[PDB]
Amino acid sequence: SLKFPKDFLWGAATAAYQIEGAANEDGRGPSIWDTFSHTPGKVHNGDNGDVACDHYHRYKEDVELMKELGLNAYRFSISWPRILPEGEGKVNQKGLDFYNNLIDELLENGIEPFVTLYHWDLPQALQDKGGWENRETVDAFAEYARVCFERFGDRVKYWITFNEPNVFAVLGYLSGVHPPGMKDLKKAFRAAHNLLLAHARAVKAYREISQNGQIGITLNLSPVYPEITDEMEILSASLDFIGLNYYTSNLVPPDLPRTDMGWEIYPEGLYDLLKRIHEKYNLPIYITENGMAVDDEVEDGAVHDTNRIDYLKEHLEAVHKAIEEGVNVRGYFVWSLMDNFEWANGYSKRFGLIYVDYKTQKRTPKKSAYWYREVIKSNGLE
Amino acid sequence: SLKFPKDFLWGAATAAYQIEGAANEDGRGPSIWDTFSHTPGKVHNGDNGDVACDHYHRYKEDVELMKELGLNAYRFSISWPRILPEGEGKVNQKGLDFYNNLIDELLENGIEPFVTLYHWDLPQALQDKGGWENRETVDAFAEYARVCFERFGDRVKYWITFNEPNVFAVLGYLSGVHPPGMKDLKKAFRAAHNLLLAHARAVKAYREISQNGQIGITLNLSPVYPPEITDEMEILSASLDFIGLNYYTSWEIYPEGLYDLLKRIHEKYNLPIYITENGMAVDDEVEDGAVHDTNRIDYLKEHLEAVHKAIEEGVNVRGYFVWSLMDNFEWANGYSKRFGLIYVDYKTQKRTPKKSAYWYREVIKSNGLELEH
């Protein structure tokens, strides 16, 4: 048996546009992914996030499923255009009411929020003026980050500025398979630069009103794909933790099994990566994403996804071997809590511990959900 | 009685985003008005054009209503993002199929198409790159105009480049009440400049394939709002075949203004003139299956008098189009302003001809009106 540290965080992760739905309800403005998934040829089978998991309306049931899972932490993202329909200025009280109710529901059931500010849903009004190529987007994000800290920070104490900014810059500005769908390295550089500045000014605004919580960033360090004043501002933004998203390693040759994404399953790469960061850097590490897509089928009311079981099992061995050698892994989040809209793959890729039937919105916990509940309860593995 | 020329065009007018619906169906990409109407605070009551009059699916019933009306011409717009979901590149075959079916349905009922290329629905993909502040949008519009000419021009003989480009530039870039919702005069200037260049490049592309149909543009010269020298001459190099006039008022009802303008265009310019828009919004209600919009009759009749006084003074008016054929999505006013000759109930999509439809039908049948001292 393999035990984890006592207060180790056990959670699952989602993202706003991937589960929320209610895209054009209750004062939410459109994001670039609303535009992207309404454009033919961009997303598998014309899927969009108009409805998604309808989590906006069904959050109470979803929080209750988290409690039965036994989570002590839940990673979600705030939809920027649900707070500021134009990215800045007018605030949506209804959007604030939703995340206040969500946060309070999580704490009522012993679940600690782990909130991501930007999870790729840039407000479309900002993209009309250039998006991340225009510095006024940086201003808007800082105002946006401020609003979230002031109204949610008394309850939220784990914050993330950006989810895989390195990946969005590549897929959105280099390969063009993600919005804003361009292929120009000079644009990618400018977008990346202002992403760093927006990160730094949000990190500083958090420290400037001083919450007992922490804030960091998340990166995937081996992903698989389908003037002067700014520099000083950027490097003065020291972190409290680093979030690691691991799925596979783009370097794998060894004949390995493959997921439903085509991704080779290679948990030892997680172990080494954890080691490499421990030697280079000393900050706390949270595995903010780790999961597997499976061709899941609801059977006789059940989904027997033992594939996903052994993937997470073998990856939770790798993290355990790392902590045994001093690496300060302080938490673990499965991607994902529920099947959802997986960007350009649409709904054809299921990562959830919980199956979602999109015709009925019925939630069916996968077998991995019942096994994960034991892992949290035992705080370890066999 | 006041009689019009034998070949005078009698029609009604619509615009793609205002009636079509099917906004995210059959290969259509989003327009800036899709984005605009999905943003809170931009459109009255949060209305949008997702469904509108569902004309995309109900076009054959609508064409049947046009023939009952007696129309010989019908002014509609082609949705640029229905032809090119991103404004340039891959062409949507289903979009070409729809307008081919529409035009063929019109001509089989003796109705002459009067097509507008740009009626305010810029593909959102091009707005992401700056929209009309970006010269690449000029290129995309030229290619767009070309595609339509090739696939539709063998049947279509009357073409409009832009509907009130002067109004869009003010409302989209100075006032900010229309998308892309900016308030900057220098941006209004640059957008205006690119619009004229795109107009000129499309006019010259039409002459390069030399279909002996006609090309022109539409302007409202009394709107209410309720140096690249090689460019500039390229603008002036784009001579017209006709001018389209949109008149509503100078909303004060003021038909004398119409006649005044018609002759000064006859004085100052000379092009054939089609009044491509004329109409009035009324608080229409269905009282037991009927709409008694006598107001709309008065407005039209009085304005049909002004055009008739101008024509017997030699003004070369060649056609007249009612705005609108049917109630529709009136931009930031949403569905709260009805301009149609035909009432549309948006819960059932049921079409109910108003009293003006029956009155306009007889005007066409008798090619004129009836007067008194």
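Just the heavy atoms: all of them, side chains too, but no hydrogens, waters or symmetry mates, feed the values below. Numbers restart at 1 for each chain; the letters A, B, ... are given by sequence-line order, proteins then strands.
Using the six-membered ring where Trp is involved, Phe4(A) and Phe8(A) have ring planes that are tilted, between 30° and 60° apart. Ring geometry for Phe168(A) against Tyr118(A) counts as tilted: the plane angle lies between 30° and 60°, on a 0 to 90° scale.
Considering only heavy atoms from C-beta on, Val327(A) stays 4.5 Å or farther from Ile323(A) through its side chain. For the pair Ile78(A)/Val115(A), a side-chain contact is recorded, criterion being any heavy-atom separation below 4.5 Å from C-beta on. Contact of the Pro365(A) side chain with the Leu65(A) side chain is registered, since non-hydrogen atoms from C-beta on lie closer than 4.5 Å. Within the 4.5 Å cutoff, side-chain heavy atoms of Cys148(A) are placed close to those of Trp159(A). Counting only heavy atoms from C-beta outward, the side chains of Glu64(A) and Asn109(A) approach each other to under 4.5 Å. Side-chain contact check for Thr161(A) versus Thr218(A): every heavy-atom pair is 4.5 Å or farther apart. Side-chain contact between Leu2(A) and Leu316(A) is absent, with no heavy atoms from C-beta onward closer than 4.5 Å. Between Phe76(A) and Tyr59(A), every side-chain heavy-atom pair lies at or beyond the 4.5 Å cut-off.
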**Prompt:** Where do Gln124(A) and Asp34(A) land on the side chain to side chain donor-acceptor pair (under 3.5 Å) test, with the steps shown first?
**Reply:** CA-CA 8 Å; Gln124(A) 182 58 60; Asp34(A) 300 73; over 6 Å; no

**Message:** Determine whether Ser79(A) and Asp121(A) satisfy the following criterion, side chain to side chain donor-acceptor pair (under 3.5 Å), listing intermediate values before the conclusion.
**Reply:** CA-CA 7 Å; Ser79(A) 208; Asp121(A) 42 349; 3.0 Å; yes

**Item:** From CA spacing to verdict: side-chain contact (heavy atoms from CB on, under 4.5 Å), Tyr144(A), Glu88(A)
**Value:** CA-CA 7 Å; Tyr144(A) 163 59; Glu88(A) 50 78 51; over 6 Å; no

**Prompt:** Can you list the steps and then say if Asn345(A) with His44(A) is a side chain to side chain donor-acceptor pair (under 3.5 Å)?
**Reply:** CA-CA 5 Å; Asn345(A) 297 120; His44(A) 185 77; over 6 Å; no

**Message:** Assess the residue pair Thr360(A) and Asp357(A) against the criterion (side chain to side chain donor-acceptor pair (under 3.5 Å)); give the C-alpha distance rounded to whole Å, side-chain angles, the decisive distance to 0.1 Å, and a yes or no.
**Reply:** CA-CA 6 Å; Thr360(A) 66; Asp357(A) 169 84; 2.6 Å; yes

**Prompt:** Does the pair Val51(A) and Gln361(A) meet the rule for a side-chain contact (heavy atoms from CB on, under 4.5 Å), with working shown?
**Reply:** CA-CA 10 Å; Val51(A) 185; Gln361(A) 291 300 332; 3.8 Å; yes

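Residue pairs meeting the salt bridge (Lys or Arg N to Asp or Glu O under 4.0 Å) criterion with at least one member in residues 225-241 of chain A, sequence neighbours excluded, are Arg135(A)-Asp230(A), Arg201(A)-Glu233(A), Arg207(A)-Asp240(A). For residues 67-76 of chain A, the set of pairs meeting the salt bridge (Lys or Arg N to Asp or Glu O under 4.0 Å) definition, not counting sequence neighbours, comprises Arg75(A)-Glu289(A).
In terms of modelled atom types and a separation under 3.5 Å, the side chain of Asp128(A) and the main chain of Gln127(B) share no donor-acceptor contact. One N or O on the side chain of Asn48(B) and one on the backbone of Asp50(B) form a donor-acceptor pair closer than 3.5 Å. Panel note: side chain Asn101(A), backbone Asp97(A); a donor-acceptor pair is recorded below 3.5 Å. Distance alone, capped at 3.5 Å, places no donor-acceptor pair between the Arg28(A) side chain and the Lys94(A) backbone. For the pair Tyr74(A) (side chain) and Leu106(A) (backbone), a donor-acceptor distance under 3.5 Å is absent. Looking only at distances, no side-chain donor or acceptor of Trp132(A) sits under 3.5 Å from a matching main-chain atom of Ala169(A). Looking only at distances, no side-chain donor or acceptor of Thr364(A) sits under 3.5 Å from a matching main-chain atom of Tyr355(A). Listed for the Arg363(A) side chain is a donor-acceptor partner under 3.5 Å among the backbone atoms of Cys53(A). With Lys157(A) contributing its side chain and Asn212(A) its backbone, the two residues share no donor-acceptor pair below 3.5 Å. The closest donor-acceptor contact from the side chain of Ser222(A) to the backbone of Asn250(A) lies under 3.5 Å.
Annotation: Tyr372(A) is not in aromatic contact with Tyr370(A) [ring centroid separation under 6.0 Å not met]. The distance between the ring centers of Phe141(A) and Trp80(A) falls below 6.0 angstrom. Between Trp120(A) and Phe162(A), the distance separating the two ring centers is not shorter than 6.0 angstrom.
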Can you give each donor-acceptor pair under 3.5 Å made by side-chain atoms of residues 177-189 of chain A, sequence neighbours left out, with the distance rounded to 0.1 Å?
{"unit_1": "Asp184(A)", "atom_1": "OD1", "unit_2": "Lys186(A)", "atom_2": "N", "d": "2.9"}
{"unit_1": "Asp184(A)", "atom_1": "OD1", "unit_2": "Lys187(A)", "atom_2": "N", "d": "3.1"}
{"unit_1": "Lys187(A)", "atom_1": "NZ", "unit_2": "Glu133(A)", "atom_2": "OE1", "d": "3.0"}

Distance-only criterion, 3.5 Å: show the donor-acceptor pairs between side-chain atoms of residues 16-23 of chain A and protein atoms not counting sequence neighbours.
{"unit_1": "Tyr17(A)", "atom_1": "OH", "unit_2": "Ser37(A)", "atom_2": "OG", "d": "3.2"}
{"unit_1": "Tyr17(A)", "atom_1": "OH", "unit_2": "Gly49(A)", "atom_2": "N", "d": "3.1"}
{"unit_1": "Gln18(A)", "atom_1": "OE1", "unit_2": "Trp343(A)", "atom_2": "NE1", "d": "3.4"}
{"unit_1": "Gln18(A)", "atom_1": "NE2", "unit_2": "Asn340(A)", "atom_2": "OD1", "d": "2.9"}
{"unit_1": "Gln18(A)", "atom_1": "NE2", "unit_2": "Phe341(A)", "atom_2": "O", "d": "2.7"}
{"unit_1": "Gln18(A)", "atom_1": "NE2", "unit_2": "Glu342(A)", "atom_2": "OE1", "d": "3.3"}
{"unit_1": "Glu20(A)", "atom_1": "OE1", "unit_2": "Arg82(A)", "atom_2": "NE", "d": "2.8"}
{"unit_1": "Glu20(A)", "atom_1": "OE1", "unit_2": "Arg82(A)", "atom_2": "NH2", "d": "2.8"}
{"unit_1": "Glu20(A)", "atom_1": "OE1", "unit_2": "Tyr99(A)", "atom_2": "OH", "d": "3.3"}
{"unit_1": "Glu20(A)", "atom_1": "OE2", "unit_2": "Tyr99(A)", "atom_2": "OH", "d": "2.3"}

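More than 12 heavy atoms of other shown residues, nucleotides or ligands fall within 6.0 angstrom of atom NZ in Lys275(A). The number of heavy-atom neighbours closer than 6.0 Å to CZ of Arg330(A), taken from other residues, nucleotides and ligands shown, is 12 or below. Heavy-atom contacts from other residues, nucleotides or ligands closer than 6.0 Å to NZ of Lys280(A) number 12 or fewer. Summarising the local packing, OH of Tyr281(A) is surrounded by 12 or fewer heavy atoms from other residues, nucleotides or ligands at distances under 6.0 Å.
Each of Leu107(A), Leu71(A), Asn72(A), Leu9(A) was compared with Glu112(A) under the side-chain contact (heavy atoms from CB on, under 4.5 Å) criterion, and only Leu107(A) meets it. Partner of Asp296(A) under the salt bridge (charged side-chain N to carboxylate O under 4.0 Å, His left out) criterion, chosen from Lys367(A), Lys349(A), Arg308(A): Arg308(A).
With sequence neighbours left out, the ring-ring contact (aromatic ring centres under 6.0 Å, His included) criterion links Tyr56(A) to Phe98(A). In this view, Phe241(A) and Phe114(A), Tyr286(A) satisfy the ring-ring contact (aromatic ring centres under 6.0 Å, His included) rule, not counting sequence neighbours.
Note on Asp62(A) versus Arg58(A): no salt bridge recorded, every NZ/NE/NH1/NH2 to OD/OE distance being 4.0 Å or above. A salt bridge is absent between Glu86(A) and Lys90(A): the closest approach of a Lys/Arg side-chain nitrogen to an acidic carboxylate oxygen does not fall below 4.0 angstrom.
Side-chain atoms of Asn245(A) and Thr288(A) include a donor-acceptor pair closer than 3.5 Å.
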